[PDB]
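Taking it in order: structure first as structure tokens, then the write-up.
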Amino acid sequence: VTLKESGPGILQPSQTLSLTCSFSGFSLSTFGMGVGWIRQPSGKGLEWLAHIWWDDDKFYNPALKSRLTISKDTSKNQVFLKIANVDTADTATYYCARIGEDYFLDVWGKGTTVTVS
Amino acid sequence: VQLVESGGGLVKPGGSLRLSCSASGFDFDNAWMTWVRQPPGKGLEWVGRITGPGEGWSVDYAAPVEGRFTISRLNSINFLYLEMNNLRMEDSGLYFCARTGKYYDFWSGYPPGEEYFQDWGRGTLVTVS
Amino acid sequence: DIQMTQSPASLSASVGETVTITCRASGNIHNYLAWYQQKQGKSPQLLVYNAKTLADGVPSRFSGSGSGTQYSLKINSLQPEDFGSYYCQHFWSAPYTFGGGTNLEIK
Amino acid sequence: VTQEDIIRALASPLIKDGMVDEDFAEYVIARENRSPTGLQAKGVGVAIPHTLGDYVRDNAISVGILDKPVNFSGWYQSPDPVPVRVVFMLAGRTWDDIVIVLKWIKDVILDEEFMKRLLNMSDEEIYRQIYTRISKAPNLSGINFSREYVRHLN
Amino acid sequence: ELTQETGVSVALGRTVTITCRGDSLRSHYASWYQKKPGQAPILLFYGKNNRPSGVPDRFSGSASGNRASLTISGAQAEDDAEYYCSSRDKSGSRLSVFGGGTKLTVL
Ligand SMILES: *[C@@H]1O[C@H](CO)[C@@H](O[C@@H]2O[C@H](CO)[C@@H](O)[C@H](O)[C@H]2NC(C)=O)[C@H](O)[C@H]1NC(C)=O
Numbered sequence: 002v003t004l005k006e007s008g009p010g011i012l013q014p015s016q017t018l019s020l021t022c023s024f025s026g027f028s029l030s031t032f033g034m035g036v037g038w039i040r041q042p043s044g045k046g047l048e049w050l051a052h053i054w055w056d057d058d059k060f061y062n063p064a065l066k067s068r069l070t071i072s073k074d075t076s077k078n079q080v081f082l083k084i085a086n087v088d089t090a091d092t093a094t095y096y097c098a099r100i101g102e103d104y105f106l107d108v109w110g111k112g113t114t115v116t117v118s
Numbered sequence: 002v003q004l005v006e007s008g009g010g011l012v013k014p015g016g017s018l019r020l021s022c023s024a025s026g027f028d029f030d031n032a033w034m035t036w037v038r039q040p041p042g043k044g045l046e047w048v049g050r051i052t053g054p055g056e057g058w059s060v061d062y063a064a065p066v067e068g069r070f071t072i073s074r075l076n077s078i079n080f081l082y083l084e085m086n087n088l089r090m091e092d093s094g095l096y097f098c099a100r101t102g103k104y105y106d107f108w109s110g111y112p113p114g115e116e117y118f119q120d121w122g123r124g125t126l127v128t129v130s
Numbered sequence: 001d002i003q004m005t006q007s008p009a010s011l012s013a014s015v016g017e018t019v020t021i022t023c024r025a026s027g028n029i030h031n032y033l034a035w036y037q038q039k040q041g042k043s044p045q046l047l048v049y050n051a052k053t054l055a056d057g058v059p060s061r062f063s064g065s066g067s068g069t070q071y072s073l074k075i076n077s078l079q080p081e082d083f084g085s086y087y088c089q090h091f092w093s094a095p096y097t098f099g100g101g102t103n104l105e106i107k
Numbered sequence: 004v005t006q007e008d009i010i011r012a013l014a015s016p017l018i019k020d021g022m023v024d025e026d027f028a029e030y031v032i033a034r035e036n037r038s039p040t041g042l043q044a045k046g047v048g049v050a051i052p053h054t055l056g057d058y059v060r061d062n063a064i065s066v067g068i069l070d071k072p073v074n075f076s077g078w079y080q081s082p083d084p085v086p087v088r089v090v091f092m093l094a095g096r097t098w099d100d101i102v103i104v105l106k107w108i109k110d111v112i113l114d115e116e117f118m119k120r121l122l123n124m125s126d127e128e129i130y131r132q133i134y135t136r137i138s139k140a141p142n143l144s145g146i147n148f149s150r151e152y153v154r155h156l157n
Numbered sequence: 002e003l004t005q006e007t008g009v010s011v012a013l014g015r016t017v018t019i020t021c022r023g024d025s026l027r028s029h030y031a032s033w034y035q036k037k038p039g040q041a042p043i044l045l046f047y048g049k050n051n052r053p054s055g056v057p058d059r060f061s062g063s064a065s066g067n068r069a070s071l072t073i074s075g076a077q078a079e080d081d082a083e084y085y086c087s088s089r090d091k092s093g094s095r096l097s098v099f100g101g102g103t104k105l106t107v108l
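Note that the protein sequences, when read in sequence, are chains A, H, B, C and L. When we follow the deposited numbering, the leftmost residue of the first sequence carries the number 2, and every step to the right adds one. When we follow the deposited numbering, the leftmost residue of the second sequence carries the number 2, and every step to the right adds one. When we follow the deposited numbering, the leftmost residue of the third sequence carries the number 1, and every step to the right adds one. When we follow the deposited numbering, the leftmost residue of the fourth sequence carries the number 4, and every step to the right adds one. When we follow the deposited numbering, the leftmost residue of the fifth sequence carries the number 2, and every step to the right adds one.
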């Protein structure tokens, strides 16, 4: 039931990065299940960016709506985060976390570090 | 509200005839309408019902006449028509044209609800011989 | 949009005392609230969910309370293993925004 | 916090999606004014606006939750309007689809525990439980219901 | 399907009820229509408790179980007529059925 994350280490400003979450031991087709993305700038608290429910609907935080896209693929147990036009301010730790039935983030990954040059 | 039927007459067994019903005083387009018949000396039996625009002009026929009678409407001229083919002796009687509405009591009714006859015309007599 | 306020900005406590933290909503979110604790360099872990129900594997000394727009977490007999950063999350409507949090330090 | 704004608030996602006609809101307000749809339940008051007309393009249920109840005149007459917080806007194109869904909601309303929880749920939870109740029956296929159609009013 | 009494009689000024029986009446309410020979019939009873305009308040319908009835109090000479009960042929069906009717004689 372990979540795994992978993505670019050091990237150039204004390009698009693609962060991929791999799932294992858990099926993303189950009713009531879903997954979201959490960003934590260094030295700051955490903020919510987006999540997807089992039915492939989408919700995005309005403040950054223009720069967030998620592609869900049940086959191969993958979630693709595409974040466009990365600015200096977007340096942060990113986490893949399950939304959970009854609304709670019960399973968290180890996280990944994203640094903007 | 006035409904005047016409087109009845004497037809030999195996023949055909078109009946017409003029309804005025209450609009044709959104209201279901029903045909009912009465052989002389006997009670009523239901003949059939034509639905409105939202149902695709579906027509529900009574079992003893299903597959033999055709009910249709022409809104561009505002008339209701019934075309009968291959009539037999049991089909003789006075045919009435009727308006149909809906009724359902929210807590106590059952789907698909009940249908209410809002008024009836005087009828046209059809005989067989 | 629903905003949320974490209070106090910071707390100061010793080992063995009972302390409380408060998370106040800007709107009526009912019981769709969860509490998490993050350790330095580690992913945050869940403490309590549905405002008052303790999660499996979390010690019984954690307790949620409050109502309406204002909710709180009480932690009794604080031990060395429990220090870190605490956060509340509201699941009433998207975006699922977070509070500013608080750092609880060993004195 | 009047009833006309409530009608517009629940009609909006159906006009945007194309489930109802653009002028649907006017037909349903006129229907409510001529024949009100307020119901006094033994639990909490419920209103079920519907037009039964041919304007609606397809079948849909739009569910609104009000924190501040609004007085809807009773379906079964009576002199006392019923305060309603839960609004079920019902679109459909035949007499039978509306009647069957009315029966389904009737079974929903008399479930006391469902209604008691319903008063305190988020919009997504309402979506999940109504979606489940709709899909459980073999009938009522072909009625659209989406997350956008469940909303809180203010 | 729907069975009615062959015929009944009532004395002038007295109260009688006419009973309609059938199996479809457990789920759906019957409607009542009155026809006087030579005239078009006039509509008498709608659904559970709805008297249409143009009908006097001297009589009303009721139904329960597998029975339905129309109660006519103080019958006058103009009430001599055939009464028809109508309902569904089967519960849940889209076809309507009329029974053989009842002849009401008022003396
Ligand atoms: C619905 O209407 C009733 C009747 O006007 C309201 O009840 C009245 O409320 C006033 C207070 O503003 C009292 O002084 C009256 O005595 C009440 N009368 C009755 C019969 O209850 C009720 O508050 C209204 N509810 C809403 C939501 O508008």
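Backbone N, C-alpha and C fix where the C-beta goes; we use that ideal spot for every residue, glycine too.
Contact test: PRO72 (chain C) Cβ vs ligand 1 heavy atom, cutoff 6 angstroms: In this structure, the C-beta of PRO72 (chain C) approaches ligand 1 to less than 6 angstroms from one of its heavy atoms.
Continuous beta strand (DSSP E) stretch holding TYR134 (chain C): start and end: Element bounds for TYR134 (chain C): not the beta strand (DSSP E) but the alpha helix (DSSP H), 126–139.
Start-to-end residues for the alpha helix (DSSP H) that takes in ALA12 (chain C): Under the DSSP assignment, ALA12 (chain C) falls in the alpha helix (DSSP H) whose first and last residues are 6–20.
Check: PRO84 (chain C) C-beta below 6 angstroms from any heavy atom of ligand 1: Yes - ligand 1 has a heavy atom lying nearer than 6 angstroms to the Cβ of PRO84 (chain C).
Host beta strand (DSSP E) of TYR34 (chain L) (start-end): Per DSSP, the unbroken beta strand (DSSP E) holding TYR34 (chain L) starts and ends at 32–36.
Buried or exposed by the 16-neighbour rule on C-beta atoms within 10 Å, applied to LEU113 (chain C): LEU113 (chain C) should be labelled exposed.
Presumed contact (8 angstroms Cβ cut-off) between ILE29 (chain B) and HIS90 (chain B), rounded CB distance: Going by Cβ atoms, the distance from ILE29 (chain B) to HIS90 (chain B) rounds to 5 angstroms, so yes, they are a contact pair.
Within 9 angstroms of chain B by C-beta, residues of the segment 67–79 of chain C in sequence order: Cβ contacts with chain B: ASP70.
Beta strand (DSSP E) segment containing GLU6 (chain H), residue limits: Segment 3–7, the beta strand (DSSP E) holding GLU6 (chain H).
Proximity below 7 angstroms, CB of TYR30 (chain C) to CB of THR5 (chain C): In this structure, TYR30 (chain C) sits away from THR5 (chain C), with a CB-CB distance that is not shorter than 7 angstroms.
Stretch-stretch touch, CB-based, cutoff 8 angstroms, three pairs: the segment 26–46 of chain C with the segment 126–141 of chain C: Result no; under three Cβ-Cβ pairs closer than 8 angstroms.
Interface residues of chain C facing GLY33 (chain A) [CB-CB closer than 9 angstroms]: Counting only Cβ-Cβ distances below 9 angstroms, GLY33 (chain A) has contacts in chain C at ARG131, in chain order.
DSSP beta-bridge partners of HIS53 (chain C): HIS53 (chain C) is bridged by DSSP to C:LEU93.
Chain-ordered neighbours of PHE29 (chain H) on chain C, where CB pairs are closer than 9 angstroms: Neighbours of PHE29 (chain H) in chain C, taken as residues at a C-beta separation under 9 angstroms, are lacking, since the least C-beta distance is about 13 angstroms.
Bridge-paired residues (DSSP) for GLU115 (chain H): H:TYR104, per the DSSP bridge assignment.
Short-range partners of chain C found in the segment 83–110 of chain A, where Cβ spacing is below 7 angstroms: Result list empty, no residue passes.
Cβ neighbour criterion (16 or more within 10 Å) applied to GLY101 (chain B): Of the residues assessed, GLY101 (chain B) falls on the buried side of the cut-off, its CB having 16 or more other CB atoms within 10 angstroms.
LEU122 (chain C) in three-state terms, based on DSSP: The answer is coil: DSSP assigns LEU122 (chain C) none of H, G, I, E or B.
Interface flag, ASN123 (chain C) vs chain B, CB-CB below 7 angstroms: With 7 angstroms as the cut-off, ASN123 (chain C) counts as an interface residue toward chain B.
Chain-ordered residues of the segment 132–146 of chain C with a beta carbon less than 7 angstroms from chain A: Residues passing the 7 angstroms Cβ filter: none.
Closer than 7 angstroms to chain A by CB, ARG150 (chain C): True, the Cβ-Cβ gap to chain A drops below 7 angstroms.
Where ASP110 (chain C) sits in the DSSP three-state scheme: In the structure shown, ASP110 (chain C) sits in a helix (DSSP, three-state: H, G or I).
Contact list for the segment 38–61 of chain L against chain H, Cβ threshold 7 angstroms: Listed by position, the residues of the segment 38–61 of chain L near chain H (Cβ gap below 7 angstroms) are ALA41, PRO42, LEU44, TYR47, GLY48 and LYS49.
Contacting positions in the segment 46–68 of chain A - beta carbon closer than 9 angstroms to chain B: Here the close residues are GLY46, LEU47, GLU48, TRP49, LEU50, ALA51, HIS52, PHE60, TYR61, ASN62, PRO63 and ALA64.
Alpha carbon of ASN103 (chain B) to alpha carbon of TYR86 (chain B), nearest angstrom: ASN103 (chain B) and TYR86 (chain B) have their C-alpha atoms roughly 7 angstroms apart.
Per DSSP, the bridge partner or partners of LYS74 (chain B): Beta-bridge pairing links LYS74 (chain B) to B:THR20 and B:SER63.
Own chain partners of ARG89 (chain L) with C-beta closer than 6 angstroms, once the 5 adjacent residues on each side are dropped: Correct list, in chain order: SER25 and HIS29.
Near ligand 2: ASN76 (chain H) beta-carbon under 6 angstroms from a heavy atom: Inclusion of ligand 2 in the displayed structure is not the case, the ligand content consisting of ligand 1 alone.
Partner residues on chain A for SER65 (chain B), Cβ-Cβ distance less than 9 angstroms: None at all; the shortest Cβ gap to chain A is about 17 angstroms.
Extent of the continuous alpha helix (DSSP H) to which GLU56 (chain H) belongs: Under the DSSP assignment, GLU56 (chain H) falls outside any alpha helix (DSSP H); it carries neither an H nor an E label.
Of the residues A:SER72, A:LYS59, A:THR3 and A:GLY46, the one placed nearest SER19 (chain A), counting alpha carbons only: Nearest neighbour of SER19 (chain A) by Cα position, chosen from A:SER72, A:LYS59, A:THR3 and A:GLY46, turns out to be A:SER72.
Identity of the residues DSSP links to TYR86 (chain B) by a beta bridge: BP columns for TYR86 (chain B) point to B:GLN37 and B:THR102.
Nearest neighbour of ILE73 (chain L), chosen from L:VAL98, L:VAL107 and L:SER92 [CA to CA]: With distances taken between CA atoms, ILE73 (chain L) lies nearest to L:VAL107 out of L:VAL98, L:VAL107 and L:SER92.
For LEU11 (chain H), the residue or residues it bridges with in DSSP: The beta-bridge partner set that DSSP reports for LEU11 (chain H) consists of H:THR128.
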